[PDB]
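Protein chains in written order, with the deposited numbering: chain A, 1 to 49; chain B, 196 to 292; chain C, 50 to 146; chain D, 5 to 316; chain E, 109 to 160; chain F, 32 to 296; chain G, 32 to 296. Quick reminder that beta carbons are idealized off the backbone N, C-alpha and C, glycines included.
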Amino acid sequence: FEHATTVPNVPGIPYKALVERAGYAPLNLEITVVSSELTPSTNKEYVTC
Amino acid sequence: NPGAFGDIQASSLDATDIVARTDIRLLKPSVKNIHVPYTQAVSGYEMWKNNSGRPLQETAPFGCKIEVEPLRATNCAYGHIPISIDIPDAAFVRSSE
Amino acid sequence: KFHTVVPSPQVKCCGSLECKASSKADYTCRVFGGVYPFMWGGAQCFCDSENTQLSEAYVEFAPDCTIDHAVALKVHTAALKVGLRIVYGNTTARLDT
Amino acid sequence: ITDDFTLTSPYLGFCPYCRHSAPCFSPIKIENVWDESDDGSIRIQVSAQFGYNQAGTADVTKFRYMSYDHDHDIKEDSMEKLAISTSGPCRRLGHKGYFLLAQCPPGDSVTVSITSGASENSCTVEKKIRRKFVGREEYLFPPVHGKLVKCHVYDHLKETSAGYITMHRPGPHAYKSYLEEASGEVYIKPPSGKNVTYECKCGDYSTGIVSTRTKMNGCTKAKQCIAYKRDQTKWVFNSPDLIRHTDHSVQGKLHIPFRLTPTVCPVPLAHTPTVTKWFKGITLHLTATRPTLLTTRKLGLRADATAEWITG
Amino acid sequence: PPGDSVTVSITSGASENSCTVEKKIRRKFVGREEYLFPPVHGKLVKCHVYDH
Amino acid sequence: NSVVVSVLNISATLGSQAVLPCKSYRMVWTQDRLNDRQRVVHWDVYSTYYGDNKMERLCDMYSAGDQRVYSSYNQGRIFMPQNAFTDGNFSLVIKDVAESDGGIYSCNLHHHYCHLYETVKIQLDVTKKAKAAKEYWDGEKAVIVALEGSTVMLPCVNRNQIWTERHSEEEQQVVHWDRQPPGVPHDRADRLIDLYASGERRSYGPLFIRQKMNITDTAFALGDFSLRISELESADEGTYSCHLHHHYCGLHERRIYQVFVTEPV
Amino acid sequence: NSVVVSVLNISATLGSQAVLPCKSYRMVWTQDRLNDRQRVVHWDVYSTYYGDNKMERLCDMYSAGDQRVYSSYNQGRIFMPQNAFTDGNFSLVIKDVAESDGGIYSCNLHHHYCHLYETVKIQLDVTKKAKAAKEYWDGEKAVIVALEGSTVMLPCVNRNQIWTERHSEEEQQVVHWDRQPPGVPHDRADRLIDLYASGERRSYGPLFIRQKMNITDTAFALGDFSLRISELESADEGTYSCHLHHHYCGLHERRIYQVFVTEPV
Ligand SMILES: *[C@@H]1O[C@H](CO)[C@@H](O)[C@H](O)[C@H]1NC(C)=O
Numbered sequence: 001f002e003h004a005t006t007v008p009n010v011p012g013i014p015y016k017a018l019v020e021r022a023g024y025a026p027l028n029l030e031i032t033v034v035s036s037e038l039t040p041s042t043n044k045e046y047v048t049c
Numbered sequence: 196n197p198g199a200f201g202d203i204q205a206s207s208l209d210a211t212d213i214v215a216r217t218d219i220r221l222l223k224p225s226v227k228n229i230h231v232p233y234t235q236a237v238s239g240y241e242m243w244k245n246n247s248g249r250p251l252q253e254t255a256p257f258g259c260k261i262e263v264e265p266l267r268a269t270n271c272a273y274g275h276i277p278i279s280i281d282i283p284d285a286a287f288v289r290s291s292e
Numbered sequence: 050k051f052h053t054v055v056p057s058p059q060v061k062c063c064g065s066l067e068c069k070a071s072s073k074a075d076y077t078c079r080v081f082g083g084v085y086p087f088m089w090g091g092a093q094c095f096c097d098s099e100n101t102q103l104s105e106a107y108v109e110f111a112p113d114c115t116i117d118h119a120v121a122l123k124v125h126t127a128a129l130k131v132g133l134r135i136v137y138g139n140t141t142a143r144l145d146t
Numbered sequence: 005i006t007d008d009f010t011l012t013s014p015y016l017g018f019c020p021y022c023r024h025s026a027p028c029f030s031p032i033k034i035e036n037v038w039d040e041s042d043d044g045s046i047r048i049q050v051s052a053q054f055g056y057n058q059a060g061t062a063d064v065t066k067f068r069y070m071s072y073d074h075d076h077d078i079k080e081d082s083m084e085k086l087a088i089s090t091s092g093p094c095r096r097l098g099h100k101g102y103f104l105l106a107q108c109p110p111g112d113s114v115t116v117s118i119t120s121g122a123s124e125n126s127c128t129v130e131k132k133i134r135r136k137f138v139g140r141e142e143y144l145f146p147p148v149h150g151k152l153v154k155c156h157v158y159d160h161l162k163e164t165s166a167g168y169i170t171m172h173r174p175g176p177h178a179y180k181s182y183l184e185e186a187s188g189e190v191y192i193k194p195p196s197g198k199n200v201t202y203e204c205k206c207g208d209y210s211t212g213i214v215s216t217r218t219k220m221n222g223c224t225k226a227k228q229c230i231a232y233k234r235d236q237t238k239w240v241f242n243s244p245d246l247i248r249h250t251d252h253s254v255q256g257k258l259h260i261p262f263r264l265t266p267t268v269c270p271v272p273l274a275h276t277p278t279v280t281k282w283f284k285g286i287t288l289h290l291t292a293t294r295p296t297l298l299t300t301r302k303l304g305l306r307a308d309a310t311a312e313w314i315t316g
Numbered sequence: 109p110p111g112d113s114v115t116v117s118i119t120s121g122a123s124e125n126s127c128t129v130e131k132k133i134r135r136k137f138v139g140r141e142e143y144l145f146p147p148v149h150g151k152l153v154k155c156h157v158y159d160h
Numbered sequence: 032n033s034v035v036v037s038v039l040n041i042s043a044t045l046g047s048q049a050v051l052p053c054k055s056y057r058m059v060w061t062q063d064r065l066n067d068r069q070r071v072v073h074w075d076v077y078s079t080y081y082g083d084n085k086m087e088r089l090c091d092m093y094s095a096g097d098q099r100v101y102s103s104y105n106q107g108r109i110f111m112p113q114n115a116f117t118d119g120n121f122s123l124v125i126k127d128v129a130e131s132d133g134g135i136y137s138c139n140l141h142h143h144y145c146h147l148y149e150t151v152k153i154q155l156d157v158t159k160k161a162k163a164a165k166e167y168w169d170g171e172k173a174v175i176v177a178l179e180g181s182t183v184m185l186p187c188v189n190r191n192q193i194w195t196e197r198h199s200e201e202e203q204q205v206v207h208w209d210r211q212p213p214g215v216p217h218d219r220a221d222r223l224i225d226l227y228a229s230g231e232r233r234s235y236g237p238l239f240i241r242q243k244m245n246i247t248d249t250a251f252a253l254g255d256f257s258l259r260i261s262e263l264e265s266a267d268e269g270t271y272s273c274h275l276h277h278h279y280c281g282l283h284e285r286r287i288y289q290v291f292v293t294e295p296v
Numbered sequence: 032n033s034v035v036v037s038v039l040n041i042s043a044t045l046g047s048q049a050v051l052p053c054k055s056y057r058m059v060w061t062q063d064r065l066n067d068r069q070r071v072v073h074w075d076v077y078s079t080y081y082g083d084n085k086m087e088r089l090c091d092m093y094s095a096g097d098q099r100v101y102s103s104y105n106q107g108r109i110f111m112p113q114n115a116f117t118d119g120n121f122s123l124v125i126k127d128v129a130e131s132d133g134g135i136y137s138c139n140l141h142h143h144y145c146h147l148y149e150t151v152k153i154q155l156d157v158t159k160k161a162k163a164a165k166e167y168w169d170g171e172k173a174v175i176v177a178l179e180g181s182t183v184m185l186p187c188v189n190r191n192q193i194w195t196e197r198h199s200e201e202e203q204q205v206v207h208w209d210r211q212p213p214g215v216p217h218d219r220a221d222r223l224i225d226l227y228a229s230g231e232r233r234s235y236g237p238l239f240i241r242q243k244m245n246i247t248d249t250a251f252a253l254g255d256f257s258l259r260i261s262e263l264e265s266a267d268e269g270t271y272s273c274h275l276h277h278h279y280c281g282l283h284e285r286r287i288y289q290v291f292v293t294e295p296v
C-alpha cells in the first residue's frame, strides 16, 4: 500500500504515522531523515597562487 | 523506466558499478533439456534511435553551426553588441599634413 | 545498447537450495523445483523429480557500446566568444574576446 | 589475464534449428550476433572453435583446422567445408577463436553449415538484418565518386583492442553408455583408459572412482546412478546450454576479435537541383533516382524546420 | 521456404530437364501471433501435418 | 639486533661463480621520487544476510587524513575516535544494530611503503531477547550478541610501534655484505660492501673483486641484494653475511651463508 | 625487392660468439594492442614579424578525421581541401594577407606507426605594390610575394604512395635470417629463422643451433633482429642475410654479412 506524508527537513527528528486499511490493524510507520546531502554542479574555471 | 531512453545508466563508460532496471522476468523450465527462458522488454537505446526525431542541426535558429568536441555553437548571428575601441594617439595624424 | 547475461544455471539434485541476490545491475534470481534436466549426455542427475534448479541473470553493456555510447549532458550559462578584426590607418589588428 | 586459446575446448550447444528443421544439439550453437558496422559486417559467435588448432593438440595455431566435439571426444576438421547464408551465399571476412566476421546481403535469419564429407550439420538463428547506409541518401552501393565522411567498421585484422569475454573451467557431464543395466544387478562400464566418477543416492550419497574399472553399487534401478568423465582441464564459456561447476570461479579472459574502428567512407553526391524564380519564394525542380533526405529552415526567430524524403 | 512457383529439375549427367508450376505459397503459423519460427519454449497446441 | 632469517651451507667451487640469494621483494624500495609516507586502516563487514553476500567497507582512516564515511548513513552510527589513531585502538562503535546489520566484521591495516598489512576477524549477531546477548571468544574470532538497536563496540587494537605515529627521519635502509676472512668464526666479518637506500654504494677491499662480486645496479631499488661472486679465490673463502635494517619500518634481518671454496672435481 | 643497407665482413671466430647487428629502432613494432592506424599533417608559420618570434600552427589534418582550426580566425582564411587528402596536395590558401602575416611557412607530415615524418619550407612576403609581387625558387625554399589582402596559395604535395590512402590489410612485417651454406655465393641462402610482427617465430634446421643462435625474445617488438651466433661451427660458415619488409609502410631492406669461420689464433 502507498501512503503520503510531509516531513520537516531536520536530522534526528523521527516522525510517526499510521495507515488505515479496512480489516487491517493500523501499522505504525517511523520515518527518520538520517542526514542531508546538498550537492551542486560546478565547473573548474582557473587556479591562482 | 523500461522501454525508454537512457534505460541503462552509468557514471562512466567503463564503470564497474552500474544501475539499471528493464523488467526481466524468469520463466519456469518447460522442455526436456536444461534451458533458461528469459523475457525482457526491447532495449530503449534502439527505441530512441528509431524515432529520435530530426537533429538539432536542422532546427537551430539563425543557422547556428554546432560542433561537438566543445559542445558549442559558432558562426551564428543574432543581436547587437556595444563595443569600445581604444586607439593609440600616435596612430592619429594631424590635419596640418 | 546492452546485452543480457545468461550464465550457467545452478542445479541441486534431489535436495534443496535458496536464491541469493547479486550486486550486478538489473539483477534477477529465482528458484524452481521439480526440474526436468536433460542434455545430449542425458539426464544430468537422477532423483524422482526431487531435484531443483536456481536460475539468475543480469545485464552489461556490449563491446560495441565502447564506440556507440551516448552521453546525457546538463548545460547552463551560455557564454559567447567574438573575434574582431579592426583596420585603422591602413593597419590591421585582431582580437578575440 | 592472457590471450592464449589452447587452454579451452569447444563445448556442445542446443540449436533451435537443425538439418531436420527441428531443435536439436550440435557443436555449432550460436547465441549472439552484431550488425552495428556501417559497412554491414556481421559478427557471429559459435560454441565450437576454429581459426586455431584443436584444443590440446601439439600445435595451437592452424587456420585450415576446424575443431569440434562429439561422441565424447574433440577432433579437427577442414574449415573450407564451412558456409554461411542469410539470403544466399555469404563471404568469409575472418575467423578467430569463438568468433567470426562475415559480410553478405540482408535477410531474416543467419545460418552456418558444415559438411562432414558424408553428413551435413547446419544451425541458424533469426535476426533482423537490413541494409543501411550513411548520408542523406539511402543508395544501393557506394559510388566511385563522391564526398568522404567518417564511418565505423569492424577491422579485418586479427589484432583487436575492444571487448572482454570471461573464461572459466567447466562443470560436470552425464552419459548413459557408462552405465549398463541389462541384468537386475547394476553394471558400470566406463570407457577404457579414462578415470571416471559415479554417484548413487539409495541409502546415502555414495560415490566411487574407477580408473578403468567397473565398480558395482548396491541399489539396482538404472536411474539410480550417474557417471562423470571429469577432466577439468580445458576451460569453457558461460553459456545456457552448459552447467555451472560448484566452484563458480572465474579463471581467465579472452578478447573478442575484429573490434570496431572509425575510418573514412565514401558517400554519393546527388544531382544538384535547379534554382528557379518566384516572387517572395522559390520553386525547386528536384531530381533524384533513389530515396534522399531534404530539409531546410528559416534563419529568423521562427525555426520553421522542414524535412522530407524524396524518392524520384 | 515460400515463393511464387515450384520447380523440379534433374540432371542426366550431360543434360538437364526442369519443369515448374506456378503456385501461391506463403508461410503461415498457428496461434494468435504470426511469428518467424517456432520457439524453444511456449504452449503446446494441436496442429495438422503430413507424416514423414 | 637482526634475526637470522636462515642459515645455508654454500659449496662454492673455486674458479666458478657462486650466488647468495639474500633478497626480498618486501624490502623493495619505492622508485618514485615521492616515497609513500601514509598508512591506511579500514573496517569492512561481510554480512551473509545480504542476498548479494559481498563485503562492504564501512569506513577508513588515512594517516594525517580526514575521517570519511563511504555511505551517507554510517556517519553518526560509526564512531572512529581521531585521537585513537595515536593510541592504535582502531575500534568501531555502532549506535543501533538491525537484523540486517549482524554478520562478519574485519579490521584491516595496509601500508604501501612498508608493504605490511594485517587483518583481524570478528563476528556480530543480534537477538530480540537480551538473555542470549553475551560475547564469546572462539580463538580464531570473537562473536558479539546484543539487543536490536543497542550500542555495541568492536575492538581492533594492534599495539605495535610501526602502526603508531613516529615522525622519525627516514634513515637509509642499511644493507651490509660482510665476509668472514678465511678460517674465521661467524660474527667477525669485515664489510665487503655497503648499500644505502639512496643508491650510493660503499666499496671495501680490492676493486677487481667488487667488480667480479656482481650485484645488480638496481639492488637498492629492487631489493635484489643477492651477491654473485665470480672467479672464486681462496681469499674469498669464509662465511658471508647479508644484513638488512630499515629504521622507518623497523625491520632487522640477517642471512648467513657458509661459503667455503672447493676445488673443481 | 629489398635494398642492401650495408655490406660488412664478419671475421667470426670458431667456438666464440659473433654478433650481426641487423636492427633498426625505426622498425620497432608498436607494443599496445591498438597499433596506430592514423597519420597527421599540419601547417605552421614562423613569422619573425612577431616580437614573440615563435612558430604557430595554422591547422592540421588527421587521417579519417575532421578539419580543425587552431584559432578562431583561420577558418575561412585557411582552406585545406578534404578531397586533397587522397590527392596528397596538402596545399594552403590565404584569402587576405597582412603585413603581420608574411614570414616563414612549413608543411609537416608525421606518422606514429611508420615513424616517418617530413618537413618542407616556404617563404611568404607581402608588398604594397604588385610590381615586385613575383614568386621565385631558391632551391632550398620558395619565396612568395603578393599584394596585401590578395588571395595566395602555398603548395605542399609529396606524391608518395605511403602518404596517400591505402586500406591494405596489415601484412606481418616479414623478417628473414637466412645463411648461405659453406662455400656458396650470396642470394642462395636457406632461411635459418623467420620472424613475424605477431611475435610468432618459425625455426629452421637443428633446434640446438637455434637456441645458441640467441635472438632477443622481444626482437619483433624492439626490432632488435641482430643475430647472436654462439659455439661457432664450420657448418655455420657462410654469408648471412637479414631481410626485412613492411608492407603497410612499404619498407624493404636487406643486410649482408660475410660471416666466415676463423680458427682461434
Ligand atoms: C585416476 O586419478 C588418480 C589420481 O591421480 C591416479 O592415481 C590414477 O592413476 C588415475 N587413473 C586413470 C587416469 O586411469
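Using a Cβ-Cβ cut-off of 8 Å, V34 of chain A counts as an interface residue toward chain F, since at least one Cβ of chain F sits closer than that to its own. Bridge pairing for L18 of chain A: A:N28 [DSSP]. Legend: CB atoms of the segment 68-91 of chain F lying less than 8 Å from CB atoms of chain C belong to residues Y81, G82, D83, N84 and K85. For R143 of chain C, the uninterrupted beta strand (DSSP E) segment begins and ends at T140 to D145.
Taking a contact as a CB-CB distance under 8 Å, the pair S261 of chain F and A220 of chain F does not count as one, their CB atoms being some 20 Å apart. Put simply, the CB of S71 of chain C is near chain F, with a gap under 8 Å to one of its CB atoms. In the three-state reduction of the DSSP assignment, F1 of chain A falls in the coil class. Going down the chain, each residue whose beta-carbon is closer than 6 Å to a heavy atom of ligand 1 shows up: D:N199, D:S215 and D:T216. Between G101 of chain D and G60 of chain D, the CB-CB gap reaches or exceeds 8 Å. Restricting attention to F:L89, F:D83 and F:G119, the CA atom closest to the CA of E105 of chain C is found in F:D83.
Here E40 of chain D is buried, its C-beta having at least 16 other C-beta atoms within 10 Å.
Taking the beta carbon of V271 of chain D as reference, no residue of chain G falls within 8 Å; the closest one sits roughly 12 Å away.
Around the beta carbon of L86 of chain D, 16 or more other beta carbons sit within 10 angstroms, so the residue counts as buried. For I116 of chain C, the enclosing alpha helix (DSSP H) stretches over residues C114 to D117. One Cα belongs to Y273 of chain B, the other to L129 of chain C, and the distance between them is close to 12 Å. As the crow flies, the alpha-carbon of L275 of chain F is around 57 Å from that of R216 of chain B.
Contacts with chain D at 8 Å (Cβ-Cβ) include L144 of chain E. At least one CB atom of chain D sits nearer than 8 Å to the CB of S57 of chain C. Nearest CB-CB separation between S238 of chain B and chain C: below the 8 Å threshold. For a Cβ distance threshold of 9 Å, nothing in chain C lies close to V263 of chain B: the least Cβ distance comes to about 10 Å. For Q113 of chain G, the residues of chain D that pass the 7 Å Cβ criterion are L152, in the order they occur in the chain. For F9 of chain D, the three-state secondary structure derived from DSSP is coil.
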